[PDB]
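Shown next, in structure tokens, is the structure this report addresses.
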There are 4 protein chains.
Amino acid sequence: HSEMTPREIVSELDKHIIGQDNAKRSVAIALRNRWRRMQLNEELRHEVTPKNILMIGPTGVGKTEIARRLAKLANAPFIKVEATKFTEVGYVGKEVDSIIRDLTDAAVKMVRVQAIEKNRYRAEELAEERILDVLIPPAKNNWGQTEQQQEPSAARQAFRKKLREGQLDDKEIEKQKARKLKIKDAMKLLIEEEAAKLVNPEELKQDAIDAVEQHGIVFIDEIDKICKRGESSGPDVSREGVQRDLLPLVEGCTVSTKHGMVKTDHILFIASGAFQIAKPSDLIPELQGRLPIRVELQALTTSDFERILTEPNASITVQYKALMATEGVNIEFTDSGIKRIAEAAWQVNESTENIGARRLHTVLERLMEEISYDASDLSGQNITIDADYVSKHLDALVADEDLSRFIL
Amino acid sequence: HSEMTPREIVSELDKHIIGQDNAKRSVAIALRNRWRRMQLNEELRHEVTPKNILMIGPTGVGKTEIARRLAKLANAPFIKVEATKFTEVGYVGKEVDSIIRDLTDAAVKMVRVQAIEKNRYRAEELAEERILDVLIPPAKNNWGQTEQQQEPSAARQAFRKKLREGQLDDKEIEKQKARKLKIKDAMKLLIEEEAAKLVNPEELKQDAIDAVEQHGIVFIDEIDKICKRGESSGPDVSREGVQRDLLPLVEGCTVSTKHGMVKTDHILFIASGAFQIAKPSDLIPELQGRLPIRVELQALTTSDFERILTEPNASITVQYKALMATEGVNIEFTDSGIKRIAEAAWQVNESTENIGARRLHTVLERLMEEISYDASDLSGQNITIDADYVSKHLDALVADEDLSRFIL
Amino acid sequence: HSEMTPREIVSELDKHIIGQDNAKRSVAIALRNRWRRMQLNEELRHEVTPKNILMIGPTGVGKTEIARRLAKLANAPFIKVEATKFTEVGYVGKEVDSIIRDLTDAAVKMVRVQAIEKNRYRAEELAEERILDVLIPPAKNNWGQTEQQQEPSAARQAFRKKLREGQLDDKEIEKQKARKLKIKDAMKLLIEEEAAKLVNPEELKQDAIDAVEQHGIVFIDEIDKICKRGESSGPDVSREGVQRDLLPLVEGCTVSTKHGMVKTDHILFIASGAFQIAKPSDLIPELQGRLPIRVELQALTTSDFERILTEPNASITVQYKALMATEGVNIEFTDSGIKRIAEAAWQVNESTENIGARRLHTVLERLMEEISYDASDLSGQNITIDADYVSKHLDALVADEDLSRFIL
Amino acid sequence: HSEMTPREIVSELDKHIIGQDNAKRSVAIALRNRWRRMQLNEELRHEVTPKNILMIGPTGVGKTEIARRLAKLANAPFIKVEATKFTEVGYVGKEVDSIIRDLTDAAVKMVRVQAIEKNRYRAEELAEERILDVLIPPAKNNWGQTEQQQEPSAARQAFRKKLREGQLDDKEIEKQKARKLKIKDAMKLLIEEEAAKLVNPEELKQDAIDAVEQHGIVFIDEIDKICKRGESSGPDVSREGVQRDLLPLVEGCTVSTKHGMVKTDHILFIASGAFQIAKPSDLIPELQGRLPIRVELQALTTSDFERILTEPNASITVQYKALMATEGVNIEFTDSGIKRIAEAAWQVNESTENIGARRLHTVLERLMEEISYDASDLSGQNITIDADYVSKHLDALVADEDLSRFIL
Ligand SMILES: Nc1ncnc2c1ncn2[C@@H]1O[C@H](COP(=O)(O)OP(=O)(O)O)[C@@H](O)[C@H]1O
Ligand SMILES: Nc1ncnc2c1ncn2[C@@H]1O[C@H](COP(=O)(O)OP(=O)(O)O)[C@@H](O)[C@H]1O
Ligand SMILES: Nc1ncnc2c1ncn2[C@@H]1O[C@H](COP(=O)(O)OP(=O)(O)O)[C@@H](O)[C@H]1O
Ligand SMILES: Nc1ncnc2c1ncn2[C@@H]1O[C@H](COP(=O)(O)OP(=O)(O)O)[C@@H](O)[C@H]1O
């Protein structure tokens, strides 16, 4: 669908993710290729398959975010499954087809919600005519001057201009309705009333299929957790089982959805792993073939942290400012304030367990717990969060390790 | 929906839970944020997600209560699931999606019950017109004077006024009815019919969805029992598995309910643990990221006990009084009688197994077993529960340990 | 159905698979026999059963391809199942009948898609008459002159000729429609309606059955992994169990599909194995009897690699060129550039894990990652991939072993 | 149904099976007994139950073939299940009722297909009248001389005689049809069209039940694999479990089929085993009682092999000749040619694993792989397969043992 060049894709992706430029270009090549395909002929359109990607890197450094924004950027159906979620089906559990079902149930919960956007002006234009008709019951067979029913639009325009807020005047209209009711009701009873007339069935639900098959993006987290490890063997075939089970999906097959028959042949797959215990080559042969693209993602640095805090559109910091503005409070972060928030986050990840950028949300959130509570009783104030404040609120916590495993 | 400042929320929570102010603050900021979000713009509303909380504290000190009163204070759908439930799914178990289904089913049994409220008034106000139309069959063509019909409001009035109690008189009215059933019964049958035709079936079930999606509150109890421990390895896999399974729910996804397709991106999660064996930093990194808020709850003291006994609204001590009054017995606890009831509870908890505040219920019940039975034959009396009475009924039991593990 | 002599089949297969002539001959005799049978008499048609084949050979050398191109050459339904899948059924697993169900479901999604072909022409040829009948409403009672109607084929012609592109103009036509939707849309909506009423629903699904029963091709991958081994005993039971489970399918039986009752007596089975651990004589005797044909496939050499790279139809090298042309870039591989690409692939397979021809895809993709991204900004250019370019992009990676287990 | 004497049964069975005369008479007594029963009175018809048989012998020597031909000879519903197929249901798997279901789904896939045979002359006689009616639209209310609509049968007989191949003349006829179409279509659209009018529901599906209950034949392979063995105990009750599970079926009970309620009381059961590890007496008491008939089958000899190659009706050799005739090639086997084919088969079974007569299909098939391929380019030739040819094609293979475990 998108006609964006890889470079334009990476650009757009730079608005949400800091660094990880390589994974960006990989994911960008994949998107542009879907365009490149449709510009081909009959034959080559069956042969050319998605160049699936294997993202390699430590926790919370942007693997899923990149895939999520890529998906969101091409208005593509997106699903994220954890590979181990199937390592238990040998005793019972979700079958792997579920992935294509869900990427269909949400690929529908998408086309449906995005049919309320398109059909939101129809019920409040060619449908608000319901109330204005029981306010000024149109002439006994309107005359006909293509401006005759545009004439009132005086007697009419008055009932519309006044319908800019003034209501609660109970009347009635029309299984159509008939029943006597109120406008804060016989108006809202129309909101949905006249809208289901425009949205059909065998096209809306028929298109979800079209979407999944053409633009579906499946993100398989922890693919490395289903590779063979040298600690046992019984659980290995269990793991390797999930690999074989996943095989039909990325090799090309047909799954049964309660919305139709979906073909996975062109669904793009972004697998993901840390690969500390296993290596991509421990993945079965058939899967390595279907995972042509390998891209590495680096661990985040303190500078990466500072940037993540503020650069992304609607960055945690920006959102915080917004939310406090809700309470009528003007919150503001100084450069050194951020530098320390990032510093704290790095400290805890290094002194305890590393969870990547995640750590920033908890640190940032703990730092603000006080303003967040008192916000309402501070309205009309300019609160500045600077190095000082940051230090007074986080030092003790970060400093105390056992406490960090609980509170930070 | 609520417009209560965090501080206002805590106050309303103070009416039910003693102490644990920090946990109140935490849970209150969470609520307030759901409001703060709707005040944002198109973009920032997709970005800002719930600030899930992880409550850390010993058993029976107010964790579930706090959360339950939070949801009950926001008329939000609330589900409490025991995390370990899904451990055995590795062999065969309830899917984790079940959590969002059940959230939905009780969220339906909710919007549906609270539908019987609005349709309980106008449900039997138009239900009268039915029985009256056969006690004073209206004129052949009413005369539009908007008062020429409210005329009986003479003959009519008498039947309505005599229908304020003196009914039970057979009749016949109207798939409508056309049967000949008593008015006590026509009245009853009418409660239904008129009520139902007054309920929008579609919007009903479509609202339960809106609820779960917008105000859903999931309480995952003992999440700490699905963290990794140094005792074995096989369990840890399934243990951690349940974390991976829960992951999509708290990260954002779509589940299939039999009442529709529900999205979890904005359900608020309150996880809970004791954390004596594991530490919050033992949860998988993707989960720690989704639990930005950490709050500890302190163990209850004896003062806490004394207060929990009488201070809350509908406190168990107040409940007992109410229940005894039902029997015509005036029950009164003295300050020392309560100081001693609490004292006893603390004693069994230190003496044997510490079950937190739960212990007050059993001690209090053992103490009243006597009155509770005789109540009826004690009507019109002023029984007083003081230190003497208390000590006479609990001391022997409390002092005897083995007997305590059975009887209290 | 096909009337191709075995030799003709092999030729058509030579267009996609390099070498492995023996396996081609084997699979070609199988097809030819399905014809040879229909030439027999009533009796001899029940007797003669498919000559199932057992392909023996290392990974990624052309086994599945051969079989896939065989079915695709006979427009036959084709399913590929990994035999070990059913191992875990001993604890809980997909039934083996699932193979014939899935064969049927993709065989349905097949006869159904190939229905959209014939109903894509006359589907929108009679779909025009619809839009035209509202641009030139036909006379009140056409005049049977079989040309007096093709008269407009004047006024009519103009709208048809102006409907060859210049449409998008609103209209209204006819559960039919009776709505007022744009012609770009009436046209679209018409594609469906006229197409559907043109599809015999019963014979559709009844044909998928006919297909599976008459031309079904089941490919049971890694059957050798369900043979008995001298390592344990418990698994062997389930292992062999899967053989007993498969037995009725390849011996002749009836399975229940949700689209009807399918019989397997004439599905052709192509089993596959590496057979390093077990030997074909390790399959249970009832199964060896049903696999009358045994053919070995040799490992691929570097010449094989070089050829596989450019020789097939829509070979990956040709595909890349096509894809790059989509970006306006002329890509050309020199003889030595290809000799070196193949060389590299063979090197990683000897150096690390030998994944057969699959390796060409990853090496080729790593090699083009650079061009692939820049393509757009390289439009109108003649990029040439020669030994130099190749060596500059692969040598370092290929030479570094550990890096190969990740990146290639 | 059949009125054949046991001797006539064995005779008819001799047309397909070589040797194994005893198993023949056993299976023949069983069939004749079903006739003997219906010739009895009310009482004795409930009491007399099938004399179930236990066939004892080595692989591929005629156990199933005998049972298959017996079934086929009495047009009885036949099902073959592998006993171990249920030894896994203790962890999950097919329930034993499935056997009676399948023996119903195929016992239906039988009555249905054999309703297309009976109703194949009805649509091409009293239904081809559809096309001849739109070719010569019958008189306005045919007169009536019992030879009046037999009169045309000139104008009529001409349209029928010419309808012996000449068509493709699009017309139309009549949810009946109406729609304009073609004869290679409006003729075929009639083939099934007028035929569903003769076949009813509650008799066709009602009779399948009647069949299974009266003539059902269940063949339970490897019954010995579910007897107790002295290697373990846990899996024993698992095996012995399948015995108990099978008990209701051969003792008399009711199973639920989606076609009706089937009674197994008169289904004939032919169990089968090798009994090398266990003995029939290791079968549980109740099952030995229900398996009154015990018959042994001998291993096949080289002479048995020579005879099997050529005597049976539609013997592999005969079929081969037929199939090559399809290619216009005259294949012919000399007595010594066969003697050697059999010899080779015996050799391999003795030098490696014995798989009985199965071995002949693989040897025979390998021997012909060349003629089978070149058949089309040899048309009009008399190819003789004699001792020489046989030797040149099989010697090397049979001689090389490891190769035989793969290729033969
Ligand atoms: N490079 C990055 N740029 C911006 N945000 C990031 C980055 N890395 C991690 N994050 C933040 O941390 C969280 C971690 O999840 P995610 O980014 O999906 O990575 P992973 O898939 O490795 O866990 C995300 O919510 C995201 O907002
Ligand atoms: N701080 C408290 N204030 C009031 N009641 C409490 C408190 N702590 C415990 N309780 C009582 O004890 C029971 C213990 O359950 P709960 O409060 O859910 O805590 P927990 O989740 O730790 O078990 C509740 O029913 C509640 O009525
Ligand atoms: N002989 C060959 N000719 C052409 N392509 C081949 C050949 N061998 C392997 N390949 C390529 O390598 C991949 C390996 O899969 P496949 O051919 O199914 O063999 P296998 O079943 O042994 O894994 C295929 O996609 C195919 O395009
Ligand atoms: N005595 C025999 N006469 C004719 N064919 C036989 C004989 N024994 C085995 N066969 C052939 O070998 C195959 C082996 O299967 P089957 O005869 O069912 O025996 P079993 O049940 O012991 O495996 C059959 O397809 C059959 O054609």
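These residue numbers are counts, starting from 1, taken along the chain as shown.
Each residue, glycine too, has its Cβ placed from N, Cα and C.
Per Swiss-Prot, the features are:
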type: BINDING; residues: B:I18, B:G60, B:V61, B:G62, B:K63, B:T64, B:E65, B:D221, B:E286, B:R358; note: ATP binding site
With a CB cutoff of 8 A to chain A, go through the binding-site residues B:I18, B:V61, B:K63, B:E65, B:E286 and name the hits, or write none. B:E286
Neighbour count first, Cβ atoms within 10 Å, every protein chain included; then name which of B:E65, B:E286 tops the list of binding-site residues. B:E286
CB neighbours of B:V61 (ATP binding site) within 10 A? 23
Mind computing the max CA-CA distance among B:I18, B:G60, B:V61, B:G62, B:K63, B:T64, B:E65, B:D221, B:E286, B:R358, which the record assigns to ATP binding, rounded to whole Å? 34
Among the binding-site residues listed here, B:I18, B:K63, which has the most company in the form of other Cβ atoms within 10 Å of its Cβ? B:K63
So, in DSSP terms, is B:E65 (ATP binding site) helix, strand, or coil? helix
Look up B:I18 (ATP binding site) in the DSSP assignment and report helix, strand or coil. coil
Per DSSP, B:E286 (ATP binding site) is which: helix, strand or coil? helix
